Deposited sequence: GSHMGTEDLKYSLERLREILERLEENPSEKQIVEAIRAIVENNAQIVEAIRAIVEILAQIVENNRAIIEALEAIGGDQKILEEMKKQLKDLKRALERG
C-alpha cells in the first residue's frame, strides 16, 4: 500500500511542522494520534506483504512440481526443502 503510506507520511511531516511551530500538549497528543494511524497502515502493509510472500511460495511449489513432472533431477529435493523452510518461516 505504498500510495496510502506516502500520503500518511506527507500528513505526518505537516502535523509535525505544525507542532514544531506552535508546540502544545494538545498539539503533541494530536501528533501522537497521527503516528498511531501511520503505524496502523505500516502494519496493514507488512501483513499484506507476508500474504503475498506466501502466495509466491505456493507458486514456486507448483513450479517445482511441474519440473518433477517432466523429469527434473530428483536437485528437486533440495529446492522443495527450501520451500518447506520458507513455509515454516512465514
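Where the deposited sequence has no C-alpha coordinates (positions from 1, in order): Holes in the chain trace, numbered from 1: 1-4, 79, 96-98.
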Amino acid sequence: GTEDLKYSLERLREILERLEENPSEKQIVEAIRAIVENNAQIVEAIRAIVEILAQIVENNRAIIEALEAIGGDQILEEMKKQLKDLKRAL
From here on, numbers count along this sequence of modelled residues.
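Which of 77-85 and 63-71 has higher mean CA B factor, as the PDB entry lists it: Taking the mean C-alpha B-factor of 63-71 and of 77-85, the larger value falls to 77-85.
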